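*Asks:* Next comes model_6.csv, CSV, C-alpha atoms:
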```
chain,number,residue,atom,x,y,z
F,11,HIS,CA,-13.4,-12.2,-21.1
F,12,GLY,CA,-12.3,-8.6,-20.4
F,13,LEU,CA,-10.1,-9.4,-17.4
F,14,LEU,CA,-6.8,-7.5,-17.8
F,15,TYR,CA,-5.6,-7.2,-14.1
F,16,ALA,CA,-6.4,-8.4,-10.6
F,17,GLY,CA,-4.9,-7.5,-7.2
F,18,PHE,CA,-5.5,-7.6,-3.4
F,19,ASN,CA,-5.6,-4.5,-1.2
F,20,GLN,CA,-3.4,-3.8,1.8
F,21,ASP,CA,-5.3,-6.0,4.3
F,22,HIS,CA,-6.2,-8.7,1.6
F,23,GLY,CA,-9.8,-8.2,2.6
F,24,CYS,CA,-10.7,-6.9,-0.9
F,25,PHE,CA,-9.4,-7.3,-4.4
F,26,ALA,CA,-9.9,-5.1,-7.5
F,27,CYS,CA,-10.0,-6.1,-11.2
F,28,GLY,CA,-9.1,-4.1,-14.3
F,29,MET,CA,-11.6,-4.6,-17.2
F,30,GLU,CA,-11.6,-3.6,-20.9
F,31,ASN,CA,-14.7,-1.6,-20.1
F,32,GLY,CA,-13.8,-0.3,-16.6
F,33,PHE,CA,-13.0,-1.8,-13.2
F,34,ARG,CA,-14.6,-4.0,-10.5
F,35,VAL,CA,-14.1,-4.3,-6.7
F,36,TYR,CA,-14.8,-7.4,-4.6
F,37,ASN,CA,-14.8,-8.5,-1.0
F,38,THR,CA,-12.2,-11.3,-0.7
F,39,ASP,CA,-13.9,-13.5,1.9
F,40,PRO,CA,-16.9,-14.0,1.7
F,41,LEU,CA,-16.9,-13.3,-2.0
F,42,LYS,CA,-19.2,-10.4,-2.9
F,43,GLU,CA,-19.1,-7.8,-5.7
F,44,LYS,CA,-18.9,-4.3,-4.1
F,45,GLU,CA,-18.7,-2.1,-7.2
F,46,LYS,CA,-18.5,-2.3,-11.0
F,47,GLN,CA,-17.8,1.0,-12.8
F,48,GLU,CA,-17.6,1.6,-16.6
F,49,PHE,CA,-14.6,3.6,-17.6
F,50,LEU,CA,-13.9,3.4,-21.4
F,51,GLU,CA,-10.3,4.8,-21.2
F,52,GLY,CA,-8.9,1.9,-23.2
F,53,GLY,CA,-9.5,-0.6,-20.4
F,54,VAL,CA,-7.8,-0.5,-17.0
F,55,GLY,CA,-4.6,-2.5,-16.8
F,56,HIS,CA,-3.8,-1.8,-13.1
F,57,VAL,CA,-6.0,-0.9,-10.1
F,58,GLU,CA,-4.6,0.0,-6.7
F,59,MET,CA,-6.9,0.4,-3.6
F,60,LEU,CA,-6.3,2.2,-0.3
F,61,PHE,CA,-7.9,-0.3,2.1
F,62,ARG,CA,-11.7,0.1,1.7
F,63,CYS,CA,-11.9,3.9,0.9
F,64,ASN,CA,-13.3,5.9,-2.0
F,65,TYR,CA,-9.9,6.5,-3.7
F,66,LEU,CA,-8.6,4.1,-6.3
F,67,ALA,CA,-5.6,4.4,-8.6
F,68,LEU,CA,-6.3,3.4,-12.3
F,69,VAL,CA,-3.8,3.0,-15.2
F,70,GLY,CA,-5.4,3.5,-18.7
F,71,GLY,CA,-5.0,1.4,-21.8
F,72,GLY,CA,-2.1,3.5,-23.2
F,73,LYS,CA,-0.3,2.8,-19.8
F,74,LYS,CA,1.1,6.4,-19.8
F,75,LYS,CA,-1.4,8.1,-17.5
F,76,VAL,CA,-2.2,7.5,-13.8
F,77,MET,CA,-5.8,8.5,-12.9
F,78,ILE,CA,-7.0,8.7,-9.3
F,79,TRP,CA,-10.7,8.0,-9.2
F,80,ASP,CA,-13.1,9.1,-6.4
F,81,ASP,CA,-15.8,6.5,-6.3
F,82,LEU,CA,-18.0,8.7,-4.0
F,83,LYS,CA,-17.8,11.7,-6.4
F,84,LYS,CA,-17.8,9.3,-9.4
F,85,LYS,CA,-15.1,11.2,-11.2
F,86,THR,CA,-11.3,11.3,-11.7
F,87,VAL,CA,-9.8,13.7,-9.3
F,88,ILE,CA,-6.1,13.5,-10.2
F,89,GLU,CA,-4.3,12.9,-13.4
F,90,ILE,CA,-0.5,12.3,-13.7
F,91,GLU,CA,1.0,11.5,-17.1
F,92,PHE,CA,4.4,10.0,-18.1
F,93,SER,CA,6.5,9.8,-21.2
F,94,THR,CA,7.4,6.2,-20.5
F,95,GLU,CA,4.9,3.3,-19.7
F,96,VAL,CA,3.6,3.0,-16.1
F,97,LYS,CA,4.2,-0.5,-14.8
F,98,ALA,CA,2.5,-0.3,-11.3
F,99,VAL,CA,1.0,2.2,-8.8
F,100,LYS,CA,0.9,2.0,-5.0
F,101,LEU,CA,-1.1,4.2,-2.6
F,102,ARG,CA,-1.1,5.5,1.0
F,103,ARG,CA,-2.9,8.3,2.9
F,104,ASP,CA,-0.2,10.9,2.2
F,105,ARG,CA,1.8,9.6,-0.8
F,106,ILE,CA,1.2,8.4,-4.4
F,107,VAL,CA,3.9,6.0,-5.7
F,108,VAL,CA,4.3,5.3,-9.4
F,109,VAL,CA,6.5,2.5,-10.8
F,110,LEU,CA,8.2,2.7,-14.2
F,111,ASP,CA,10.3,0.1,-16.1
F,112,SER,CA,13.5,1.8,-14.8
F,113,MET,CA,12.7,4.1,-11.9
F,114,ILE,CA,10.1,4.9,-9.2
F,115,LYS,CA,8.7,8.3,-8.4
F,116,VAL,CA,6.9,9.5,-5.2
F,117,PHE,CA,4.2,12.2,-5.4
F,118,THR,CA,2.0,14.0,-2.9
F,119,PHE,CA,-1.7,13.1,-2.6
F,120,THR,CA,-2.7,16.7,-3.4
F,121,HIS,CA,-5.0,18.2,-6.1
F,122,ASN,CA,-1.9,19.0,-8.1
F,123,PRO,CA,0.7,16.4,-7.0
F,124,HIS,CA,4.3,17.4,-6.3
F,125,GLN,CA,7.2,15.0,-7.0
F,126,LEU,CA,9.0,14.4,-3.7
F,127,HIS,CA,11.5,11.6,-4.6
F,128,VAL,CA,12.8,9.5,-7.4
F,129,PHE,CA,14.5,6.1,-6.9
F,130,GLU,CA,16.4,4.1,-9.6
F,131,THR,CA,15.7,0.4,-10.2
F,132,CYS,CA,16.9,-2.4,-12.5
F,133,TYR,CA,14.7,-3.2,-15.6
F,134,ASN,CA,11.3,-3.9,-13.9
F,135,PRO,CA,8.6,-4.8,-16.5
F,136,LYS,CA,6.6,-6.7,-13.9
F,137,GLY,CA,6.3,-3.5,-11.7
F,138,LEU,CA,7.6,-5.1,-8.5
F,139,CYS,CA,7.2,-2.7,-5.6
F,140,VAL,CA,5.7,-2.8,-2.0
F,141,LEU,CA,4.7,0.1,0.2
F,142,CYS,CA,3.6,0.1,3.8
F,143,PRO,CA,0.4,2.1,4.4
F,144,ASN,CA,0.6,2.0,8.2
F,145,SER,CA,0.9,5.4,10.0
F,146,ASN,CA,3.9,4.4,12.0
F,147,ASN,CA,5.8,2.8,9.1
F,148,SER,CA,6.2,4.6,5.7
F,149,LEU,CA,8.6,2.0,4.3
F,150,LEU,CA,9.0,1.6,0.5
F,151,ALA,CA,10.8,-1.4,-1.1
F,152,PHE,CA,11.8,-2.0,-4.7
F,153,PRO,CA,14.3,-4.0,-6.8
F,154,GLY,CA,17.7,-2.3,-6.9
F,155,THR,CA,20.1,-1.8,-9.8
F,156,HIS,CA,22.1,-4.8,-8.6
F,157,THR,CA,20.4,-7.9,-10.2
F,158,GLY,CA,18.9,-9.8,-7.3
F,159,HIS,CA,19.1,-7.0,-4.7
F,160,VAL,CA,16.2,-5.3,-3.0
F,161,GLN,CA,16.5,-1.7,-1.8
F,162,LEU,CA,14.4,-0.3,1.1
F,163,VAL,CA,13.7,3.3,1.9
F,164,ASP,CA,11.7,5.0,4.7
F,165,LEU,CA,9.5,7.7,3.1
F,166,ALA,CA,9.5,9.5,6.5
F,167,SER,CA,13.2,9.5,7.3
F,168,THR,CA,14.2,9.9,3.6
F,169,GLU,CA,17.6,11.3,4.7
F,170,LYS,CA,18.5,7.9,6.2
F,171,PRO,CA,20.7,5.7,3.9
F,172,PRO,CA,18.9,2.9,2.2
F,173,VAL,CA,19.1,-0.8,3.0
F,174,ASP,CA,20.4,-3.0,0.2
F,175,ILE,CA,19.3,-6.6,0.7
F,176,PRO,CA,21.3,-9.2,-1.4
F,177,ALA,CA,18.2,-11.4,-1.8
F,178,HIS,CA,19.0,-13.6,-4.8
F,179,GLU,CA,21.7,-14.0,-7.5
F,180,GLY,CA,19.3,-13.6,-10.4
F,181,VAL,CA,16.4,-11.4,-11.6
F,182,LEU,CA,13.6,-10.9,-9.1
F,183,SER,CA,10.2,-12.4,-10.0
F,184,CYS,CA,8.1,-11.4,-6.9
F,185,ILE,CA,8.3,-9.2,-3.8
F,186,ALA,CA,5.8,-9.2,-0.9
F,187,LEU,CA,5.4,-7.2,2.4
F,188,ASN,CA,3.7,-8.4,5.6
F,189,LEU,CA,0.7,-6.6,7.1
F,190,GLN,CA,2.8,-4.8,9.8
F,191,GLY,CA,5.5,-3.8,7.3
F,192,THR,CA,8.3,-5.5,9.3
F,193,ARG,CA,9.1,-8.5,7.1
F,194,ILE,CA,9.7,-8.7,3.3
F,195,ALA,CA,9.5,-11.8,1.1
F,196,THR,CA,11.6,-12.3,-2.1
F,197,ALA,CA,11.8,-14.8,-5.1
F,198,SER,CA,14.0,-15.1,-8.1
F,199,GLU,CA,13.2,-16.1,-11.7
F,200,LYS,CA,14.4,-19.7,-11.0
F,201,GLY,CA,11.5,-19.9,-8.5
F,202,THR,CA,13.2,-22.7,-6.5
F,203,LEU,CA,13.9,-20.8,-3.2
F,204,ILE,CA,12.0,-18.1,-1.3
F,205,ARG,CA,13.5,-15.8,1.3
F,206,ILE,CA,12.1,-13.7,4.1
F,207,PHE,CA,14.1,-10.7,5.5
F,208,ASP,CA,13.7,-8.1,8.3
F,209,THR,CA,12.9,-4.7,6.8
F,210,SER,CA,14.6,-2.8,9.7
F,211,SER,CA,17.9,-4.8,9.7
F,212,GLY,CA,18.2,-6.6,6.3
F,213,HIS,CA,18.9,-10.1,7.9
F,214,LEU,CA,17.7,-13.4,6.4
F,215,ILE,CA,14.9,-14.6,8.8
F,216,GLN,CA,13.9,-17.8,6.9
F,217,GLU,CA,14.6,-19.7,3.7
F,218,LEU,CA,12.0,-21.9,2.1
F,219,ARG,CA,12.1,-24.4,-0.8
F,220,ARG,CA,9.1,-25.1,-3.0
F,221,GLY,CA,10.6,-27.7,-5.4
F,222,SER,CA,13.4,-28.8,-7.6
F,223,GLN,CA,12.1,-27.9,-11.1
F,224,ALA,CA,12.3,-24.2,-12.1
F,225,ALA,CA,8.9,-22.5,-12.1
F,226,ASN,CA,7.9,-18.8,-12.4
F,227,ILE,CA,6.4,-17.3,-9.3
F,228,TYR,CA,3.3,-15.2,-9.6
F,229,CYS,CA,2.3,-14.1,-6.1
F,230,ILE,CA,3.4,-14.3,-2.4
F,231,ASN,CA,1.6,-13.2,0.7
F,232,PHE,CA,1.8,-13.4,4.6
F,233,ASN,CA,-1.0,-13.9,7.1
F,234,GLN,CA,-1.8,-11.3,9.8
F,235,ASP,CA,0.6,-12.6,12.4
F,236,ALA,CA,3.2,-13.3,9.7
F,237,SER,CA,3.4,-17.0,10.8
F,238,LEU,CA,2.3,-18.5,7.4
F,239,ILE,CA,2.9,-17.6,3.8
F,240,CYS,CA,1.2,-18.7,0.6
F,241,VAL,CA,3.0,-18.8,-2.9
F,242,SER,CA,1.5,-19.2,-6.4
F,243,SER,CA,3.3,-20.8,-9.4
F,244,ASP,CA,2.8,-22.7,-12.6
F,245,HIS,CA,-0.7,-24.1,-13.7
F,246,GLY,CA,-2.4,-22.5,-10.8
F,247,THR,CA,-0.4,-24.4,-8.1
F,248,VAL,CA,-0.2,-22.8,-4.6
F,249,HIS,CA,2.1,-23.8,-1.7
F,250,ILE,CA,1.5,-22.9,1.9
F,251,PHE,CA,4.5,-22.6,4.2
F,252,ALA,CA,5.3,-22.0,7.9
F,253,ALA,CA,7.4,-18.8,8.3
F,254,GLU,CA,8.3,-18.8,12.0
F,255,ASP,CA,9.4,-22.5,12.5
F,256,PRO,CA,12.9,-23.0,11.1
F,257,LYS,CA,12.5,-26.8,11.4
F,258,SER,CA,10.3,-26.5,8.2
F,259,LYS,CA,11.9,-25.8,4.7
F,260,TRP,CA,9.1,-27.3,2.5
F,261,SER,CA,5.4,-26.4,2.3
F,262,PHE,CA,3.0,-28.2,4.7
F,263,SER,CA,0.1,-27.9,2.3
F,264,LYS,CA,-0.3,-27.6,-1.5
F,265,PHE,CA,-3.2,-27.3,-3.9
F,266,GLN,CA,-4.1,-26.5,-7.6
F,267,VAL,CA,-7.1,-24.6,-8.8
F,268,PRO,CA,-9.7,-26.7,-10.8
F,269,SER,CA,-9.1,-24.9,-14.1
F,270,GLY,CA,-5.3,-24.8,-13.8
F,271,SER,CA,-5.2,-21.1,-14.7
F,272,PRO,CA,-2.5,-19.0,-12.9
F,273,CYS,CA,-3.7,-17.1,-9.9
F,274,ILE,CA,-2.8,-14.7,-7.0
F,275,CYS,CA,-3.1,-16.0,-3.4
F,276,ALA,CA,-3.8,-14.6,0.1
F,277,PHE,CA,-5.2,-15.8,3.4
F,278,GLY,CA,-8.9,-15.6,4.1
F,279,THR,CA,-11.2,-14.7,7.0
F,280,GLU,CA,-10.7,-18.0,8.8
F,281,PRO,CA,-7.1,-18.5,10.0
F,282,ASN,CA,-6.9,-21.8,8.1
F,283,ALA,CA,-8.3,-20.4,4.8
F,284,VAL,CA,-6.4,-19.5,1.6
F,285,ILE,CA,-8.1,-17.6,-1.3
F,286,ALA,CA,-7.0,-17.8,-5.0
F,287,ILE,CA,-8.1,-15.4,-7.8
F,288,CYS,CA,-7.4,-16.8,-11.2
F,289,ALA,CA,-6.7,-15.2,-14.6
F,290,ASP,CA,-9.7,-17.0,-16.2
F,291,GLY,CA,-12.1,-15.3,-13.8
F,292,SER,CA,-12.2,-18.2,-11.3
F,293,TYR,CA,-12.5,-17.7,-7.5
F,294,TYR,CA,-11.2,-20.5,-5.2
F,295,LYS,CA,-11.3,-21.0,-1.4
F,296,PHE,CA,-9.2,-23.7,0.4
F,297,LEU,CA,-9.5,-24.8,4.0
F,298,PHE,CA,-6.8,-26.9,5.6
F,299,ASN,CA,-6.1,-28.9,8.8
F,300,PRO,CA,-2.8,-28.5,10.8
F,301,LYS,CA,-1.3,-31.4,8.8
F,302,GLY,CA,-2.1,-29.4,5.6
F,303,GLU,CA,-4.9,-31.6,4.3
F,304,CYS,CA,-8.0,-30.0,2.7
F,305,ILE,CA,-11.1,-30.1,4.8
F,306,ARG,CA,-13.4,-27.8,2.7
F,307,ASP,CA,-13.3,-26.4,-0.9
F,308,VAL,CA,-15.3,-23.7,-2.6
F,309,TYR,CA,-15.2,-22.6,-6.3
F,310,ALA,CA,-17.0,-19.9,-8.3
F,311,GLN,CA,-16.7,-17.5,-11.3
F,312,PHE,CA,-16.5,-13.9,-9.8
F,313,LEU,CA,-17.0,-12.1,-13.2
F,314,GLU,CA,-20.5,-13.7,-13.5
F,315,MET,CA,-21.7,-12.2,-10.2
I,150,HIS,CA,10.9,33.1,30.9
I,151,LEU,CA,10.9,35.6,28.0
I,152,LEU,CA,13.5,33.8,25.9
I,153,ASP,CA,12.0,30.5,26.7
I,154,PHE,CA,8.7,31.8,25.3
I,155,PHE,CA,10.5,33.2,22.3
I,156,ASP,CA,12.4,30.0,21.6
I,157,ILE,CA,9.3,27.9,21.8
I,158,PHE,CA,7.5,30.2,19.4
I,159,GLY,CA,10.5,29.9,17.0
I,160,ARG,CA,10.7,26.1,17.3
I,161,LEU,CA,7.1,25.5,16.7
I,162,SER,CA,6.8,28.0,13.9
I,163,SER,CA,9.6,26.2,12.1
I,164,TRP,CA,7.6,23.0,12.8
I,165,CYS,CA,4.6,24.5,11.0
I,166,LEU,CA,6.8,24.4,7.8
I,167,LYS,CA,9.2,21.5,8.3
I,168,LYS,CA,6.5,18.8,8.6
I,169,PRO,CA,7.8,16.1,11.0
I,170,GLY,CA,7.9,12.6,9.6
I,171,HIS,CA,5.1,11.0,11.6
I,172,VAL,CA,2.7,14.0,11.6
I,173,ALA,CA,-0.4,14.2,9.4
I,174,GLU,CA,-1.1,17.6,8.0
I,175,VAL,CA,-4.3,18.0,10.2
I,176,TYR,CA,-2.2,18.4,13.3
I,177,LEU,CA,0.0,21.0,11.6
I,178,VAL,CA,-3.1,23.1,10.9
I,179,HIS,CA,-3.9,23.0,14.6
I,180,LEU,CA,-0.3,23.7,15.5
I,181,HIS,CA,0.0,26.6,13.1
I,182,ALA,CA,-3.2,28.1,14.6
I,183,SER,CA,-1.8,27.6,18.1
I,184,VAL,CA,1.5,29.2,17.2
I,185,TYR,CA,-0.4,32.1,15.6
I,186,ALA,CA,-2.2,32.6,18.8
I,187,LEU,CA,1.1,32.5,20.6
I,188,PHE,CA,2.5,35.0,18.2
I,189,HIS,CA,-0.4,37.4,19.0
I,190,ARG,CA,0.0,36.8,22.7
I,191,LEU,CA,3.8,37.4,22.7
I,192,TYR,CA,3.7,40.4,20.3
I,193,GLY,CA,1.0,42.0,22.3
I,194,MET,CA,2.6,41.4,25.7
I,195,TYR,CA,6.2,42.1,24.8
I,196,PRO,CA,6.3,44.2,21.6
I,197,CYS,CA,9.8,45.6,21.6
I,198,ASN,CA,11.3,42.4,23.0
I,199,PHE,CA,9.5,40.2,20.5
C,652,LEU,CA,-3.7,36.4,4.3
C,653,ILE,CA,-5.3,33.6,6.2
C,654,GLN,CA,-3.8,32.3,9.4
C,655,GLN,CA,-6.4,31.0,11.9
C,656,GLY,CA,-9.2,30.8,9.4
C,657,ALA,CA,-7.2,28.0,7.8
C,658,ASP,CA,-8.0,25.9,10.9
C,659,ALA,CA,-11.7,26.7,10.4
C,660,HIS,CA,-11.5,25.7,6.7
C,661,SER,CA,-9.8,22.4,7.7
C,662,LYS,CA,-12.4,21.6,10.2
C,663,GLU,CA,-15.1,22.7,7.7
C,664,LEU,CA,-13.6,20.0,5.5
C,665,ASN,CA,-12.7,22.5,2.7
C,666,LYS,CA,-9.1,22.1,1.7
C,667,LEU,CA,-6.2,19.6,2.6
C,668,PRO,CA,-4.2,16.7,1.0
C,669,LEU,CA,-7.0,14.8,-0.5
C,670,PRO,CA,-7.4,11.7,1.7
C,671,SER,CA,-6.7,13.9,4.7
C,672,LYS,CA,-9.6,16.2,3.5
C,673,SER,CA,-12.4,13.7,3.0
C,674,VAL,CA,-11.4,10.0,2.8
C,675,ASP,CA,-14.3,7.6,3.5
C,676,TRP,CA,-13.9,3.9,4.2
C,677,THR,CA,-17.6,3.1,3.8
C,678,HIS,CA,-17.1,2.4,0.1
C,679,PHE,CA,-16.0,-1.2,0.6
C,680,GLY,CA,-17.0,-1.6,4.2
C,681,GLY,CA,-15.8,-3.5,7.3
C,682,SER,CA,-14.0,-1.5,10.0
C,683,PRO,CA,-11.8,1.6,9.6
C,684,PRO,CA,-8.0,1.5,10.0
C,685,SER,CA,-7.5,2.3,13.7
C,686,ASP,CA,-4.9,4.9,12.7
C,687,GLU,CA,-7.6,7.0,11.1
C,688,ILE,CA,-9.8,6.6,14.2
C,689,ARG,CA,-6.8,7.8,16.3
C,690,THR,CA,-6.2,10.7,13.9
C,691,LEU,CA,-9.7,12.0,14.4
C,692,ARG,CA,-9.7,11.3,18.1
C,693,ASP,CA,-6.5,13.4,18.4
C,694,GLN,CA,-8.0,16.1,16.2
C,695,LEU,CA,-11.1,16.1,18.4
```
Go ahead and express the file in the form of structure tokens.
*Replies:*
Amino acid sequence: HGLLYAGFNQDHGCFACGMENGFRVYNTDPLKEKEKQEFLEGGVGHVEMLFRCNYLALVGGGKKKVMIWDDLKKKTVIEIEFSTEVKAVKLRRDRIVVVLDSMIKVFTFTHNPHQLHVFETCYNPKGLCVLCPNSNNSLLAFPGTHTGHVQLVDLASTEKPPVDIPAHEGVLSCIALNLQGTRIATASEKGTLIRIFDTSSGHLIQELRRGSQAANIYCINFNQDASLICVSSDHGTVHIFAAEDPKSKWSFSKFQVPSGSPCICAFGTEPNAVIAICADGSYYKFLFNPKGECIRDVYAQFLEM
Amino acid sequence: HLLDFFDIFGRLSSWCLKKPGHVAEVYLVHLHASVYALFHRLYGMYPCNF
Amino acid sequence: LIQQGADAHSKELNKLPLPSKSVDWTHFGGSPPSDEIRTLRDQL
């Protein structure tokens, strides 16, 4: 019912939703609607936040124009348009990053933006890209031209050569970055193995296995101390893994959302909480014990709030 | 210390343009104002030398 | 033809790269990124 897109912000504390009539913004935990704005530009198919601030990046129904919206002024402040379709947008205090199906372009956050860099990628219809918003780390990471490789660039020291991480041997399905910008997670289209690398050296920090049968991977996210990750896959299934204990290869906890719809995942306010936002409009909250067993469960429809 | 003053002026005036990688633009407005004050100071005190 | 007045304009919140001009984290609440707090404390 109108839901075209959903996605977490940089601290996972909020998520934004693209609607056929506009966009919505919600607090992740506890769930609370923060804003709902009508914007009849064909419906919004991608919303990017910048933490909790007044600037949001919106992609219109034609998918060929990026619009920066100031929610305090209640108007679009910047428009960038493209001949090809925009697949994703990422934001930071001093840079606007736009992802296309074959390349990525970096612009200034000025009234009239100026294109600073362009970077080539493999065919990327999923819009895979991660950008660190921290002041001391302007890292950008994207899938390279080599199928299964991830390329990393520092947007501050752009003259430094890139890091080419040979993550997988097949097409990449998902990429995720930790809250400090030091560690990057990767997954292939087979969806059997998941790999964590150091962004500043390129080395394989941990490898994890989620199953034997092939399954498409929708979302991956770390917790604040980067000690745990959560991963989402078929029929709304989510797996929770330990990242810093190499004695563990499998997930210590697993759950499925009540409707079985696919979902994105992140960790909540409590250190033992995981939050799932589902494509049917469902909100789900999962609390676990150290053995991975559920101790509390909460479910709601966030579009009806 | 004339040439030290001059070289500091030159270095920091180049910094007003070349935008170091970890520096938000606010600081560079302050720095450009400071280097402008240094320009006035130096050119007033040492006109021919400067 | 503006050299020190530019500093006044910036502190009058008139012109800069847009988040660096007037970003405001009140829109979705919580606590600000401490990097922004540092940026203002340094500017102060």
*Asks:* Give as an MDAnalysis selection string every residue of chain I that touches chain F within 8 Å, counting all atoms listed in the file.
*Replies:* chainID I and resid 170:171 173
*Asks:* Specify as a ChimeraX atom specification all residues of chain I found within 10 Å of chain C, counting all atoms listed in the file.
*Replies:* /I:172-186
*Asks:* Could you list the residues in chain C lying within 6 Å of chain F, using all atoms listed in the file, and format the result as a list in words?
*Replies:*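 Listing them in order of chain and number gives residues 668, 669, 670, 675, 676, 678 and 679 of chain C.
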*Asks:* For residue 237 in chain F, find every residue with an atom within 8 Å (counting all atoms listed in the file), except residues of its own chain fewer than 6 positions away, and show them as a ChimeraX atom specification.
*Replies:* /F:252-254
*Asks:* Calculate how many Å separate CA of residue 39 in chain F from CA of residue 278 in chain F, rounding to one decimal.
*Replies:* 5.9 Å
*Asks:* I'd like the interatomic distance between CA of residue 183 in chain F and CA of residue 200 in chain F, to a tenth of an Å.
*Replies:*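 Taking CA of residue 183 in chain F as the start and CA of residue 200 in chain F as the end point, the length is 8.5 Å.
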*Asks:* Please produce range 659-674 of chain C, completed to N, CA and C atoms, as a JSON list (two decimals), keeping the file's coordinate frame.
*Replies:*
```
[["chain", "number", "residue", "atom", "x", "y", "z"],
["C", 659, "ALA", "N", -10.22, 26.78, 10.63],
["C", 659, "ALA", "CA", -11.70, 26.70, 10.40],
["C", 659, "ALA", "C", -11.97, 25.98, 9.10],
["C", 660, "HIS", "N", -11.28, 26.37, 8.03],
["C", 660, "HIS", "CA", -11.50, 25.70, 6.70],
["C", 660, "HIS", "C", -11.18, 24.22, 6.86],
["C", 661, "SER", "N", -10.10, 23.85, 7.55],
["C", 661, "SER", "CA", -9.80, 22.40, 7.70],
["C", 661, "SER", "C", -10.83, 21.67, 8.41],
["C", 662, "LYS", "N", -11.37, 22.26, 9.48],
["C", 662, "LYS", "CA", -12.40, 21.60, 10.20],
["C", 662, "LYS", "C", -13.78, 21.69, 9.51],
["C", 663, "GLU", "N", -13.94, 22.65, 8.61],
["C", 663, "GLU", "CA", -15.10, 22.70, 7.70],
["C", 663, "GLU", "C", -14.95, 21.73, 6.55],
["C", 664, "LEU", "N", -13.83, 21.01, 6.49],
["C", 664, "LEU", "CA", -13.60, 20.00, 5.50],
["C", 664, "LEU", "C", -13.51, 20.63, 4.07],
["C", 665, "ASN", "N", -12.76, 21.73, 3.96],
["C", 665, "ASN", "CA", -12.70, 22.50, 2.70],
["C", 665, "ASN", "C", -11.47, 22.25, 1.89],
["C", 666, "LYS", "N", -10.29, 22.14, 2.51],
["C", 666, "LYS", "CA", -9.10, 22.10, 1.70],
["C", 666, "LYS", "C", -7.96, 21.40, 2.57],
["C", 667, "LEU", "N", -7.30, 20.38, 1.97],
["C", 667, "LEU", "CA", -6.20, 19.60, 2.60],
["C", 667, "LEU", "C", -5.68, 18.61, 1.53],
["C", 668, "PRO", "N", -4.52, 17.94, 1.77],
["C", 668, "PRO", "CA", -4.20, 16.70, 1.00],
["C", 668, "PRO", "C", -5.35, 15.77, 0.95],
["C", 669, "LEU", "N", -5.63, 15.18, -0.21],
["C", 669, "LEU", "CA", -7.00, 14.80, -0.50],
["C", 669, "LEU", "C", -7.56, 13.70, 0.43],
["C", 670, "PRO", "N", -6.88, 12.58, 0.72],
["C", 670, "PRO", "CA", -7.40, 11.70, 1.70],
["C", 670, "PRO", "C", -7.56, 12.32, 3.11],
["C", 671, "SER", "N", -6.64, 13.22, 3.45],
["C", 671, "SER", "CA", -6.70, 13.90, 4.70],
["C", 671, "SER", "C", -7.85, 14.97, 4.72],
["C", 672, "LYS", "N", -8.40, 15.32, 3.55],
["C", 672, "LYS", "CA", -9.60, 16.20, 3.50],
["C", 672, "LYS", "C", -10.85, 15.38, 3.74],
["C", 673, "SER", "N", -11.14, 14.42, 2.86],
["C", 673, "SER", "CA", -12.40, 13.70, 3.00],
["C", 673, "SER", "C", -12.32, 12.19, 2.55],
["C", 674, "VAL", "N", -11.35, 11.42, 3.06],
["C", 674, "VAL", "CA", -11.40, 10.00, 2.80],
["C", 674, "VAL", "C", -12.58, 9.36, 3.54]]
```
